[PDB]
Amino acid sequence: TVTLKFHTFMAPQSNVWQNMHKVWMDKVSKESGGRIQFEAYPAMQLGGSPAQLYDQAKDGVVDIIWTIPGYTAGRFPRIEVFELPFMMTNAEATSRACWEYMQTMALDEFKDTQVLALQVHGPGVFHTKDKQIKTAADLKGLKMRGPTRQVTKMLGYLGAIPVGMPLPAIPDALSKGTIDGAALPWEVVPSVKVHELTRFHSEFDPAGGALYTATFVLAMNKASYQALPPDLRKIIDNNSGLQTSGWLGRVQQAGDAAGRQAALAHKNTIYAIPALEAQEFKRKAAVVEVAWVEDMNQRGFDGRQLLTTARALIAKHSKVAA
């Protein structure tokens, strides 16, 4: 028997905790006949900032974490390709692409942990207190939250004043007024009561693509993983990799419907930006991927190859998960 400590920043009443984290741990426990048990901690209950989750797993403070790599500035530069403007098709396909990309192109980026899964969320949405966002000019001078440097870089090119912060910080920032709005997918909105703190929501019609998504890593302490009995390690392996990555993304995007409905029930205004206007967003944001390629080249990586591969892998896995 082995008890693994799991830590993350999600609230327990969230779509992620209830339908991804608890489900994954329970499947692992059940498939092991109860030999693998978890002491699970949501809502950063074991202390620290969300940016510190990855190092807690690496350092063996806990055994497994689920975090956004970009919560730790410039630590994980190559996975950021999936956060560039208008990259994602759907989360399941793009999550599968993320897994294969890191495994084949950038295996050393996470080599200090045992990566169990990699995934993205559904299409990003704008949530604002006062201003409806119909065109990019409506963002001018608004203080807008993003989760990672590539999303805040895009927001800056759209004319917003970008503010980086992790998910749990968003309510206190909305309430004290250090931000006017936030970029989030629909699925997470009710877990932070953002439909109660904002009045206007602008999504992108699917015909125009997805403005952005963020990447997530499910990472395990390497010592803890190597210390498992081979039979229990196999159970962990069976619940790691490509299929698990796609499944996590699929479930995260499947919660978007419920978030939109919570907004609608609260009598908020939802607008869908049509594909034609989406083209003005892509025009304004087009330099972000050019700058990322240049940053990768300066880091000694093959930035053009990484972006070329990422688009191809998204295309390929979208044939599987359409």
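All residue numbers refer to positions in the sequence shown, first residue = 1.
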Average Cα temperature factor in the PDB entry - higher stretch of 252 to 260, 271 to 279: 271 to 279
Which of 91 to 99 and 184 to 192 has higher mean CA B factor, as the PDB entry lists it: 184 to 192
Highest-ranked of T178, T215, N221, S240 once sorted by CA temperature factor in the record: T178
Highest recorded Cα temperature factor - choice among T198, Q119, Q114, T152: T198
Where the record places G159 (Cα B-factor, split into thirds across the chain): middle
Assigned third (lowest, middle, highest) for the C-alpha B factor of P230: highest
Third of the chain, ranked by Cα B-factor, where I170 sits: middle
Ranked against its chain, the third holding the CA B-factor of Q45: highest
B-factor third for the C-alpha atom of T148 within its chain: lowest
